[PDB]
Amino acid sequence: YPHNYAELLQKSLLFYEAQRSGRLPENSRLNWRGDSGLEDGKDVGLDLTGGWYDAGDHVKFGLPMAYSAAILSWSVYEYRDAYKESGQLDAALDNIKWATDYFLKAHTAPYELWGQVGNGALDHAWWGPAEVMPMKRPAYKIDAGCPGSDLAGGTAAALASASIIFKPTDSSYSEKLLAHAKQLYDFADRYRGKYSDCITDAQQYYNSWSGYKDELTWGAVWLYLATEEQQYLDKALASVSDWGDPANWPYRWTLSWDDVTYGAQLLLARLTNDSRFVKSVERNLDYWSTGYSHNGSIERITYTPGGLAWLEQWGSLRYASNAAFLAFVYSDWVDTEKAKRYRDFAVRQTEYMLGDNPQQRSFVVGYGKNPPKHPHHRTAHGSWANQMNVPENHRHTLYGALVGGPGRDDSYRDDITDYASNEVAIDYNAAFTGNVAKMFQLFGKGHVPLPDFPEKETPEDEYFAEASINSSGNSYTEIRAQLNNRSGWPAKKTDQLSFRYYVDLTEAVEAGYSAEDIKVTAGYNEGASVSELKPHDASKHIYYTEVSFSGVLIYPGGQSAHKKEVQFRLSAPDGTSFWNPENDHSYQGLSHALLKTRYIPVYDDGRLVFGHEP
C-alpha cells in the first residue's frame, strides 16, 4: 500500500471526533454523529456534557480519558512541526480541547473532580448508537472526603501538558488549563487514595492496578515542564522515593492508562540525566526491543512470528504502539547506540500495525490494505435492533481507529464480536497518534492530507412505514402499519412521528358521497391517534388520514423500540358498494405482507422526512 502519513494522522484525529459526547458544533466533520449525552451531570445539578466516550461504549471513564489527552498533548509538544507540516495541528488542538474542556467542567471545585458519567453495566447492556441512549447515566466524583490521586494526578498531567501546547495560539486558555492543573495536583498530593476505591464502579473496567504513586510523579513533572518552576521538579523527584529501591522498579510492562511510570521516568531522565531514570528507561526498552541483558541471560518480551512485540491478549497493538512511542521519544534524546536500536524497533512495530504483518492488512479502520471492517463500536455499527449482527455490516466507517489486533501467533479475526481482535478505544489511539506524527516526520515528505474529508454519505431510509392490507372490500380498506425509526445519519430520538395515508374519493363523489361519509377508525394500536379524512387536493378529491404517534418515543435502540404499530380502517357506509382502493395513492403496491412503502409519507414534528405525497 502507498502509505500517506498525513492522511493517516488526519484519520487518527478523526477517530477522536467520532468519540465525542455532548453537543456537537455545526461544522463537525462526521455527519453520522449527533448530539448525545445531553443530560450528563443533570442528576448532580451540573453541566457534565462533552468529552469522549471511552471505546465502543458510552461511559466517560476519567482515568483513561486523562491519560489519552495527556499523551496526545505530549506528542504535539514533541512533534509540533510534524503536526504543522502535515496540516493537522489545528485538528490536533481542536480534538485535545474537547477533552480538556470537559476536564474543566468536571473539575467543579479545587478538591472535587467528576470522574465518570455512565454506569458500566447499564451502558454495556444496550447495543445502539450514542445519540439515542435510553438508560440512566449516573455521575460519579472523587473529592477530599473520598479521593483519587491517580485520577486527579493524571488529569492534572493532561491539563498541564495541554497548557504548554495551547500557549502559542490561546494564551488565556493555556493559563486556565495551568491554573486547574495546579489545583488538581494539590488535590492528588494532599488527599491520598486510589480513585477506584471511591468510584467503585471503575474497579470493574479501569481498576487502579498500579496505584497512584506513578500519577503523582507524572503530574508533578508535567507541571514542571509547564511552569519551569523548580518546586515541581523537586516534588517529582521527591515523589520518586515512594517507588522503592530503583533496582526493583518494574520494566516488563509499558506506558498505559494505568501505569505512567514509563512516561514519568522518561521525562525525568531527559531533565536530570539521573542514572536511576536512564537505567530504568533502558531496562524497559531493552526488554521490549533486543533484550535486557542480566550479564548472565537475555530477557525479552514475547514476539509473534510476524514480528509484533506482544504484551498480552487485549489491546496488543496499543501496547506495542505505546512502547514504540517511548522508543521514539527516547531515541530523539539519547546519544548512544540505544537510540538506533530503539528507533528501528519503533518503526518496525509501527510498520507491522500499518500492514507489514502475516495478515497482510492494515489494523487501522479506514486506512491502508484490507483494514478492519467490523470494529467493536456501537455508533459506527448503527444497530436499530439492539443486536450486534443487525445490520450485518457497519453503517459508518470509524476512520483512524487502531483495533486490538492479533494474538501471540499473529491470528486475527475481523468480527464485531471478537473483542480482543476488534476493540477500539481512546487510549488505543493516544500514543499511536504520536507515532504517526513521527512517521510523517521521518517518511512523510510530500504527503498531503485528504481535502474536505470525509465525504458525507447518502443516508439509507431512516424513517418509514411498513404497511400491509388486512382486507379490502366494496366499502372499506383496512391497513396494518408499523412506523419505523432506523435513523443513523445521525441516529435520532423521535417522539413526534406521524404518517399520512392518502385516498382518492372520485368514485365516492360520482356515487353521490363525499369525505363526510368515510369513517376512519383505529383498531389494534400502540399509542397512535388516527384522524378523520382531511383534504389534500380538493379539485381531485384527494384526502388523507393523519396517523400520529405524538409523545411516543421511537428510536433505533431495539426490536420493539424502533417501531410502533397501528391498524386502521377507512369505511364507507355499510351496504354501499362504491369504495375503490385501486386509485388510492397510499394503496399502491401494497400486499398482504408487511412491506416498506414510499407512498405513505412520514413526518417528524410536522417535517417531511420520507416518502411522497400525491
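The first residue of the sequence shown is number 1, and the count goes up from there.
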query: Entry-level comparison of average CA B-factors, 333 to 341 and 206 to 214, reporting the higher stretch; finding: 333 to 341
query: Given 317 to 325 and 82 to 90, the range whose Cα B-factors average higher in the PDB entry; finding: 82 to 90
query: Top Cα B factor in the deposited entry, candidates 168, 153, 490, 400; finding: 168
query: Most elevated Cα B-factor in the entry, residues 516, 258, 427, 101; finding: 516
query: Residue 15 - which third its CA temperature factor falls in, relative to the rest of the chain; finding: lowest
query: Ranked C-alpha temperature factor of residue 584 among modelled chain residues, by third; finding: middle
query: Lowest, middle or highest third - CA B-factor, residue 377; finding: lowest
query: Residue 31 - Cα temperature factor, lowest/middle/highest third of chain; finding: middle
query: Entry-reported Cα temperature factor of residue 173, expressed as the chain third it lands in; finding: highest
